[PDB]
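Peer 1: Following this message is one structure expressed as structure tokens.
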2 protein chains.
Amino acid sequence: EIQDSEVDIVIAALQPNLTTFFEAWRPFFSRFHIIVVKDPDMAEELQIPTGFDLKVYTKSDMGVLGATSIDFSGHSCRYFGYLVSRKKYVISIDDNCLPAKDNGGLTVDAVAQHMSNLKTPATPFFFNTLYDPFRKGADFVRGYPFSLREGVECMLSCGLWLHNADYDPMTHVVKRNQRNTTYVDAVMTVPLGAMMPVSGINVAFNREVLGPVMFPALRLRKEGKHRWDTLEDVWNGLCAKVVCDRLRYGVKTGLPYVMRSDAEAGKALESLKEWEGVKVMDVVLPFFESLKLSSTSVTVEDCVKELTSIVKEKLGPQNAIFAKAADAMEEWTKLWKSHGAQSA
Amino acid sequence: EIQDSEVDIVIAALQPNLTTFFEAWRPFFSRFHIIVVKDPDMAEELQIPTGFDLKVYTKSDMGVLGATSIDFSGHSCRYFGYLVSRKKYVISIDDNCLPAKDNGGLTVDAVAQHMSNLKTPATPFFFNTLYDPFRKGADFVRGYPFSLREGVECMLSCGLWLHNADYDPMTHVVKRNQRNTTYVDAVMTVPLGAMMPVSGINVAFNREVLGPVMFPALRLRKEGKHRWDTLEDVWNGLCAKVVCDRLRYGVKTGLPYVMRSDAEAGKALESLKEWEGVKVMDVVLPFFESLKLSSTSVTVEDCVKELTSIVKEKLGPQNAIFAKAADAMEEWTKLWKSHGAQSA
């Protein structure tokens, strides 16, 4: 259950000029606290039209700890905002996304839909064929058992994207001019145990619960500024999902849509040439099918504690990015106990 | 891959006058073979228009089966059509449904959509957040592992319903004039292991594979003439779903929609007054939550055999309907070996 004052708009600034971004999102963002973060690599500064509650940050400020095994450049910088926040919930999208068009031509307040997704229970144990049983017009289908009608609280809500959808760069280059135009009016609970790709590009979550597992790790290389270049968010998703399923907590996907503006010419190919991600996911898959956890862990941190070991021993010797990521998971576990932990 | 020549439209008639129904479905049924079945409890005569490839069946034909422990009255009569059909795929709709209109105002050829759902592989091992990745405009989301792009065969397609949605009679009486108006333009594979309520109202499946398990069992009351009164289909749903998961076959839900014509005034209360389904589902759920079939089972015949026993063993003594359902589950297993089988 939610009131507005517990929301932090956490934004990655990878484009410095955010006039178009904020002026379009303004009616929906304005009433909230906004933690913009400057990309450490940025050879320019954030040209933001103001009138918002902005608590901007930059690379120097992070030095309050060295974080010796983590790189916060690029997309990873957005995780700093999760650490220097003191709010219960994080609503997070990237600077290249704009407010969407509904089927009715209505402008989709994704921020109000994210808040709705979380306060509203989730149904991971049984698939309601009408989807969200609490949305208007939807309800519980005949055969949905009654003991389950009051779902577990939703800890993570990941939305969708029109236009330049979150395809891998290979799929993007080859398909040429495929753009997403199918507005699917649906939000649904991802069933228990079911794996999913959590797009970092449009997501909101309980900072206080899942902040420990949202660790910036398994970035493929230092360079790269399009979501193509990394798999760290899809990786966080798998971790967070097995955490939620072990705890009988809920996850939702679907609405809201944001409209993701298109890429500069050919960068898809430029990033394609160096995207090892094909091989990565097909080894990471058997690992998470092979992640049936021992019974002891019942705190979020315990599941993290248990997981870093099972990652380090099983995946560690397979590739540098994995060991270097498990070490980043432990360093992030410290960072949460140290700088993320509650006080406000 | 499917052609029209392999589809048998098997329909239960509980309404005697099917002129309004068939003339509306004509553009879509005409090109197919239609196996109407008259409800044994039905005295009057079937007013069906001409111009179809119809082989009506009747109480007379049902008794030559000599079914010792199967009751074919009401919705259950539709299971006779699955036994005496000799085609690969059975598309089955209830007489109270009419073809739906999409957001573009188009009338949904649900028969062509079910076939599309089946010709198309399924993605049960990993949740593609754009839903069916082979539908146009949809595709595989970044991070979806590549070995899983080759989907397993889709053996079951469950469609949805506008207007008088498949709410249980309790939800129907209490929520009053709630009607479904949300056309969710998306079809999706139900992840592995996730239980679901499969509505009998608008569904299609591979007869030769899943036909043994689409069995008449779990009659809760003597005659449930509205889908409210019955759970025989929901029982099929859970059973076949565990089969599909053991055999690594896929199940899809969503498109197509039918416009489910509304109910007789107040009949909802007539059926709720006796709808014990509240408790039934609360016992059937944990059974399937605790139900893992042996890895030894590799054919459908193995899985039905193993499951009917586990039903006989665990659920049988919990209520007469379960043992009586295991008895009918077993009787159908013979009837398939004796009467139904074809090329699997």
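Here, A, B, ... name the chains of the structure tokens in the order displayed, residue numbers run from 1 inside each chain, and ligands are numbered from 1 in the same displayed order.
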Extract the full set of alpha helix (DSSP H) residues from range 80-325 of chain A according to DSSP on the backbone, and format it as number ranges by chain.

Peer 2: A: 80-84, 110-119, 169-175, 207-210, 232-246, 267-272, 277-289, 300-314, 320-325

Peer 1: Please produce a file of the residues just selected, as an mmCIF file, in the first residue's frame, where the atoms kept are C-alpha atoms.

Peer 2:
```cif
data_model
loop_
_atom_site.group_PDB
_atom_site.id
_atom_site.type_symbol
_atom_site.label_atom_id
_atom_site.label_comp_id
_atom_site.auth_asym_id
_atom_site.auth_seq_id
_atom_site.Cartn_x
_atom_site.Cartn_y
_atom_site.Cartn_z
ATOM 1 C CA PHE A 80 23.666 4.873 -7.257
ATOM 2 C CA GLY A 81 20.245 6.494 -6.962
ATOM 3 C CA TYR A 82 18.883 3.343 -5.343
ATOM 4 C CA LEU A 83 21.650 3.641 -2.722
ATOM 5 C CA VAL A 84 21.396 7.377 -1.923
ATOM 6 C CA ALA A 110 3.192 5.327 -16.225
ATOM 7 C CA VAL A 111 4.011 6.648 -12.744
ATOM 8 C CA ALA A 112 0.420 6.223 -11.538
ATOM 9 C CA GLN A 113 0.244 2.761 -13.124
ATOM 10 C CA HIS A 114 3.478 1.640 -11.447
ATOM 11 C CA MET A 115 2.129 2.748 -8.063
ATOM 12 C CA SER A 116 -1.109 0.879 -8.795
ATOM 13 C CA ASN A 117 0.781 -2.264 -9.812
ATOM 14 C CA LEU A 118 2.570 -2.445 -6.466
ATOM 15 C CA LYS A 119 -0.193 -1.544 -3.995
ATOM 16 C CA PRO A 169 20.926 -5.608 -31.240
ATOM 17 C CA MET A 170 21.086 -8.671 -33.485
ATOM 18 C CA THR A 171 17.293 -8.860 -33.712
ATOM 19 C CA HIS A 172 17.232 -5.086 -34.252
ATOM 20 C CA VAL A 173 19.711 -4.996 -37.147
ATOM 21 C CA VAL A 174 18.320 -8.021 -38.975
ATOM 22 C CA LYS A 175 14.604 -7.175 -38.758
ATOM 23 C CA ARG A 207 13.688 -0.217 -2.596
ATOM 24 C CA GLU A 208 13.659 -1.448 1.006
ATOM 25 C CA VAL A 209 13.130 -5.090 -0.011
ATOM 26 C CA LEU A 210 14.768 -5.627 -3.423
ATOM 27 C CA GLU A 232 22.952 -6.560 -16.122
ATOM 28 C CA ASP A 233 19.246 -5.704 -15.846
ATOM 29 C CA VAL A 234 18.084 -9.045 -17.276
ATOM 30 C CA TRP A 235 20.561 -10.581 -14.807
ATOM 31 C CA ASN A 236 19.167 -8.623 -11.855
ATOM 32 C CA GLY A 237 15.729 -9.813 -12.964
ATOM 33 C CA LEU A 238 16.642 -13.490 -12.684
ATOM 34 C CA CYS A 239 18.197 -12.940 -9.254
ATOM 35 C CA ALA A 240 15.335 -10.798 -7.960
ATOM 36 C CA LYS A 241 12.774 -13.243 -9.382
ATOM 37 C CA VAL A 242 14.230 -16.281 -7.601
ATOM 38 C CA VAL A 243 14.409 -14.133 -4.461
ATOM 39 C CA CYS A 244 10.734 -13.174 -4.742
ATOM 40 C CA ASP A 245 9.627 -16.748 -5.491
ATOM 41 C CA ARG A 246 11.517 -18.156 -2.497
ATOM 42 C CA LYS A 267 24.740 2.297 -33.663
ATOM 43 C CA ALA A 268 22.869 -1.028 -33.540
ATOM 44 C CA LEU A 269 25.549 -2.540 -35.779
ATOM 45 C CA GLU A 270 28.382 -0.697 -34.012
ATOM 46 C CA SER A 271 27.293 -2.296 -30.723
ATOM 47 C CA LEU A 272 26.394 -5.591 -32.418
ATOM 48 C CA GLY A 277 25.436 -11.773 -25.184
ATOM 49 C CA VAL A 278 24.206 -14.683 -27.325
ATOM 50 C CA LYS A 279 26.540 -17.122 -25.564
ATOM 51 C CA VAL A 280 26.097 -15.557 -22.119
ATOM 52 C CA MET A 281 22.355 -16.086 -21.734
ATOM 53 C CA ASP A 282 22.412 -19.718 -22.903
ATOM 54 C CA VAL A 283 24.834 -20.653 -20.090
ATOM 55 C CA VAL A 284 23.109 -18.380 -17.558
ATOM 56 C CA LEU A 285 19.823 -20.133 -18.374
ATOM 57 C CA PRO A 286 20.849 -23.633 -17.176
ATOM 58 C CA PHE A 287 22.356 -21.974 -14.097
ATOM 59 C CA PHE A 288 19.005 -20.492 -13.035
ATOM 60 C CA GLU A 289 17.049 -23.625 -13.916
ATOM 61 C CA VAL A 300 16.393 -11.060 1.527
ATOM 62 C CA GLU A 301 20.062 -10.791 2.503
ATOM 63 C CA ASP A 302 20.232 -14.509 3.314
ATOM 64 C CA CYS A 303 19.073 -15.295 -0.225
ATOM 65 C CA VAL A 304 21.721 -12.892 -1.510
ATOM 66 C CA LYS A 305 24.224 -14.497 0.883
ATOM 67 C CA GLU A 306 23.338 -17.997 -0.361
ATOM 68 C CA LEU A 307 23.230 -16.894 -4.001
ATOM 69 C CA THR A 308 26.641 -15.213 -4.264
ATOM 70 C CA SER A 309 28.228 -18.518 -3.223
ATOM 71 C CA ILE A 310 26.200 -20.595 -5.695
ATOM 72 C CA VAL A 311 27.047 -18.057 -8.395
ATOM 73 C CA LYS A 312 30.749 -17.888 -7.500
ATOM 74 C CA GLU A 313 31.346 -21.647 -7.299
ATOM 75 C CA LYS A 314 29.198 -22.721 -10.281
ATOM 76 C CA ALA A 320 35.705 -13.361 -16.016
ATOM 77 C CA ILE A 321 32.405 -11.470 -16.123
ATOM 78 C CA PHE A 322 30.859 -13.999 -13.722
ATOM 79 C CA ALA A 323 33.483 -14.057 -10.952
ATOM 80 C CA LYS A 324 33.893 -10.295 -11.354
ATOM 81 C CA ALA A 325 30.107 -10.097 -10.938
#
```

Peer 1: For a quick check: superposing chain A on chain B using all C-alpha atoms in order, what RMSD comes out?

Peer 2: 0.9 Å

Peer 1: Would you tabulate, counting only C-alpha atoms, all residues of chain B that have an atom at most 6 Å from an atom of chain A, showing the closest pair of atoms and their distance in Å to one decimal, sorted by chain then ascending number, as a tab-separated table?

Peer 2:
```
residue	atom	partner	partner_atom	distance
B:126	CA	A:195	CA	5.3
B:127	CA	A:196	CA	4.7
B:137	CA	A:180	CA	5.4
B:141	CA	A:167	CA	4.8
B:142	CA	A:168	CA	4.3
B:143	CA	A:197	CA	5.9
B:145	CA	A:281	CA	5.1
B:166	CA	A:142	CA	5.8
B:167	CA	A:142	CA	4.9
B:168	CA	A:142	CA	4.3
B:180	CA	A:137	CA	5.3
B:184	CA	A:185	CA	5.5
B:185	CA	A:184	CA	5.4
B:195	CA	A:126	CA	5.3
B:196	CA	A:127	CA	4.8
B:197	CA	A:143	CA	5.4
B:281	CA	A:145	CA	4.9
B:282	CA	A:145	CA	5.4
```

Peer 1: Have a look at CA of residue 96 in chain B and CA of residue 66 in chain B and let me know their distance in Å, one decimal.

Peer 2: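 Straight-line distance from CA of residue 96 in chain B to CA of residue 66 in chain B works out to 29.3 Å.
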
Peer 1: Need to verify the contact set: residue 47 in chain A, 9 Å, only C-alpha atoms, exclusion of same-chain residues closer than 3 positions in sequence. Can you return it as number ranges by chain?

Peer 2: A: 16-19, 44

Peer 1: Got time to write the residues from that selection, N, CA, C and O atoms, as a tab-separated table (two decimals), in the first residue's frame?

Peer 2:
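So part.tsv came out as:
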```
chain	number	residue	atom	x	y	z
A	16	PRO	N	22.92	14.24	-22.12
A	16	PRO	CA	22.96	15.39	-21.20
A	16	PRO	C	21.77	16.33	-21.34
A	16	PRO	O	21.30	16.87	-20.33
A	17	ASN	N	21.26	16.53	-22.55
A	17	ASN	CA	20.17	17.48	-22.78
A	17	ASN	C	18.85	16.76	-22.51
A	17	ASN	O	18.36	16.00	-23.35
A	18	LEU	N	18.27	17.02	-21.34
A	18	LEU	CA	17.02	16.40	-20.91
A	18	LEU	C	15.84	17.37	-20.94
A	18	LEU	O	14.88	17.21	-20.18
A	19	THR	N	15.88	18.38	-21.81
A	19	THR	CA	14.73	19.27	-21.92
A	19	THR	C	13.51	18.54	-22.48
A	19	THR	O	12.43	18.58	-21.89
A	44	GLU	N	29.97	16.10	-20.80
A	44	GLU	CA	29.03	17.20	-20.89
A	44	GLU	C	28.24	17.19	-19.58
A	44	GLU	O	28.39	16.26	-18.78
```

Peer 1: Neighbours of range 68-76 of chain B within 6 Å (only C-alpha atoms; same-chain residues fewer than 4 positions away dropped), as number ranges by chain?

Peer 2: B: 39-41, 216, 225, 328

Peer 1: Check the DSSP output for the backbone and give back, as a count of residues only, the residues of range 143-189 of chain A in strand (DSSP E or B).

Peer 2: 16

Peer 1: Hey, which of B:30, B:63, B:20, B:79 ends up closest to residue 51 in chain B? Count only C-alpha atoms.

Peer 2: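 That would be B:30, the residue with the smallest distance to residue 51 in chain B.
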
Peer 1: Figure out the distance between CA of residue 153 in chain B and CA of residue 252 in chain B, please, to one decimal in Å.

Peer 2: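 Pair CA of residue 252 in chain B / CA of residue 153 in chain B returns 10.6 Å.
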
Peer 1: For CA of residue 256 in chain B and CA of residue 7 in chain B, determine how far apart the two atoms are, in Å to one decimal place.

Peer 2: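 CA of residue 256 in chain B sits 16.5 Å away from CA of residue 7 in chain B.
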
Peer 1: Do a neighbour search on residue 85 in chain B at 12 Å with only C-alpha atoms, toss out local chain neighbours closer than 2 positions, and write the hits as a compact mmCIF listing (two decimals) with N, CA and C atoms, in the first residue's frame.

Peer 2:
```txt
# COMPACT_ATOMS: atom_id res chain seq x y z
N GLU B 6 -7.57 -30.90 -41.53
CA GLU B 6 -7.30 -31.68 -40.33
C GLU B 6 -8.07 -31.20 -39.10
N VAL B 7 -9.00 -30.27 -39.25
CA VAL B 7 -9.69 -29.64 -38.12
C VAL B 7 -11.12 -30.16 -38.07
N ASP B 8 -11.57 -30.55 -36.87
CA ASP B 8 -12.94 -30.98 -36.62
C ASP B 8 -13.54 -30.04 -35.58
N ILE B 9 -14.55 -29.27 -35.99
CA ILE B 9 -15.27 -28.37 -35.08
C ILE B 9 -16.30 -29.21 -34.33
N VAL B 10 -15.99 -29.54 -33.08
CA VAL B 10 -16.83 -30.36 -32.21
C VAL B 10 -17.59 -29.44 -31.26
N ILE B 11 -18.92 -29.50 -31.32
CA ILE B 11 -19.77 -28.56 -30.60
C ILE B 11 -20.82 -29.34 -29.82
N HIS B 33 -15.37 -29.47 -41.04
CA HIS B 33 -16.32 -30.50 -40.62
C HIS B 33 -16.82 -30.18 -39.22
N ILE B 34 -18.14 -30.21 -39.03
CA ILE B 34 -18.77 -29.83 -37.77
C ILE B 34 -19.44 -31.06 -37.16
N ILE B 35 -19.00 -31.44 -35.96
CA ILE B 35 -19.56 -32.57 -35.23
C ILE B 35 -20.42 -32.06 -34.08
N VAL B 36 -21.69 -31.75 -34.37
CA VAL B 36 -22.64 -31.41 -33.32
C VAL B 36 -23.00 -32.65 -32.50
N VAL B 37 -23.24 -32.43 -31.20
CA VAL B 37 -23.71 -33.47 -30.29
C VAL B 37 -24.92 -32.93 -29.55
N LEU B 54 -22.04 -31.64 -41.52
CA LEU B 54 -22.46 -32.00 -40.17
C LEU B 54 -22.76 -33.48 -40.01
N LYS B 55 -22.23 -34.05 -38.93
CA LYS B 55 -22.54 -35.41 -38.49
C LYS B 55 -23.10 -35.37 -37.07
N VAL B 56 -24.35 -34.93 -36.92
CA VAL B 56 -24.90 -34.83 -35.57
C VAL B 56 -24.85 -36.20 -34.90
N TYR B 57 -24.70 -36.19 -33.57
CA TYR B 57 -24.73 -37.40 -32.75
C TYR B 57 -25.80 -37.18 -31.69
N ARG B 78 -20.00 -33.06 -25.03
CA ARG B 78 -18.99 -32.60 -25.98
C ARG B 78 -17.79 -33.53 -26.01
N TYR B 79 -17.57 -34.32 -24.95
CA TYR B 79 -16.46 -35.26 -24.94
C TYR B 79 -16.71 -36.45 -25.86
N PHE B 80 -17.97 -36.76 -26.17
CA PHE B 80 -18.26 -37.80 -27.16
C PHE B 80 -17.70 -37.40 -28.52
N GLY B 81 -17.87 -36.14 -28.91
CA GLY B 81 -17.34 -35.68 -30.18
C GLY B 81 -15.84 -35.85 -30.29
N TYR B 82 -15.12 -35.68 -29.17
CA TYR B 82 -13.68 -35.88 -29.21
C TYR B 82 -13.33 -37.35 -29.43
N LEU B 83 -14.21 -38.26 -29.02
CA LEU B 83 -13.98 -39.69 -29.15
C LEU B 83 -14.31 -40.17 -30.55
N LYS B 87 -10.05 -36.71 -36.58
CA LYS B 87 -9.14 -35.67 -37.06
C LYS B 87 -8.11 -35.32 -35.98
N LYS B 88 -7.08 -34.59 -36.41
CA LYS B 88 -5.96 -34.26 -35.53
C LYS B 88 -6.32 -33.18 -34.52
N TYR B 89 -6.91 -32.09 -34.96
CA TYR B 89 -7.18 -30.95 -34.09
C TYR B 89 -8.68 -30.75 -33.96
N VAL B 90 -9.12 -30.50 -32.73
CA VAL B 90 -10.52 -30.30 -32.40
C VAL B 90 -10.66 -28.87 -31.90
N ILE B 91 -11.47 -28.08 -32.58
CA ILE B 91 -11.80 -26.72 -32.18
C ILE B 91 -13.22 -26.74 -31.64
N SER B 92 -13.40 -26.25 -30.42
CA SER B 92 -14.62 -26.49 -29.67
C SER B 92 -15.07 -25.18 -29.04
N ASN B 206 -4.88 -30.48 -29.75
CA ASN B 206 -4.44 -31.65 -30.52
C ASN B 206 -5.11 -32.90 -29.96
N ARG B 207 -6.12 -33.40 -30.67
CA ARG B 207 -6.88 -34.55 -30.19
C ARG B 207 -5.99 -35.77 -29.97
N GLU B 208 -5.10 -36.06 -30.92
CA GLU B 208 -4.36 -37.32 -30.86
C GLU B 208 -3.40 -37.36 -29.66
N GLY B 211 -6.18 -35.75 -26.24
CA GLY B 211 -7.49 -36.35 -26.17
C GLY B 211 -7.70 -37.34 -25.05
N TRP B 336 -10.43 -44.65 -24.93
CA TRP B 336 -9.51 -44.09 -25.92
C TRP B 336 -8.74 -45.21 -26.61
N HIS B 339 -11.72 -47.02 -28.51
CA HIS B 339 -12.55 -46.29 -29.47
C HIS B 339 -11.90 -45.08 -30.13
N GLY B 340 -11.05 -44.34 -29.43
CA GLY B 340 -10.60 -43.05 -29.95
C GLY B 340 -9.32 -42.91 -30.74
N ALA B 341 -8.38 -43.82 -30.52
CA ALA B 341 -7.00 -43.60 -30.94
C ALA B 341 -6.86 -43.49 -32.45
N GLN B 342 -5.82 -42.78 -32.86
CA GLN B 342 -5.48 -42.55 -34.26
C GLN B 342 -4.10 -41.90 -34.35
```

Peer 1: Excluding residue 97 in chain B and residues on its chain fewer than 6 positions from it, collect all residues at most 7 Å away from it, counting only C-alpha atoms, and give them as number ranges by chain.

Peer 2: B: 258-261

Peer 1: Take the residues from that selection and write them out as a CSV table (one decimal), in the first residue's frame, keeping N, CA and C atoms.

Peer 2:
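Written output follows (result_25.csv):
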```csv
chain,number,residue,atom,x,y,z
B,258,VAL,N,-14.4,-14.7,-28.2
B,258,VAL,CA,-15.8,-14.8,-28.6
B,258,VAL,C,-16.6,-13.9,-27.7
B,259,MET,N,-17.7,-13.4,-28.3
B,259,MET,CA,-18.7,-12.6,-27.6
B,259,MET,C,-19.7,-13.6,-26.9
B,260,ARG,N,-19.5,-13.8,-25.6
B,260,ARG,CA,-20.3,-14.9,-25.0
B,260,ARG,C,-21.7,-14.2,-24.6
B,261,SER,N,-22.7,-14.7,-25.3
B,261,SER,CA,-24.0,-14.1,-25.1
B,261,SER,C,-24.5,-14.3,-23.7
```
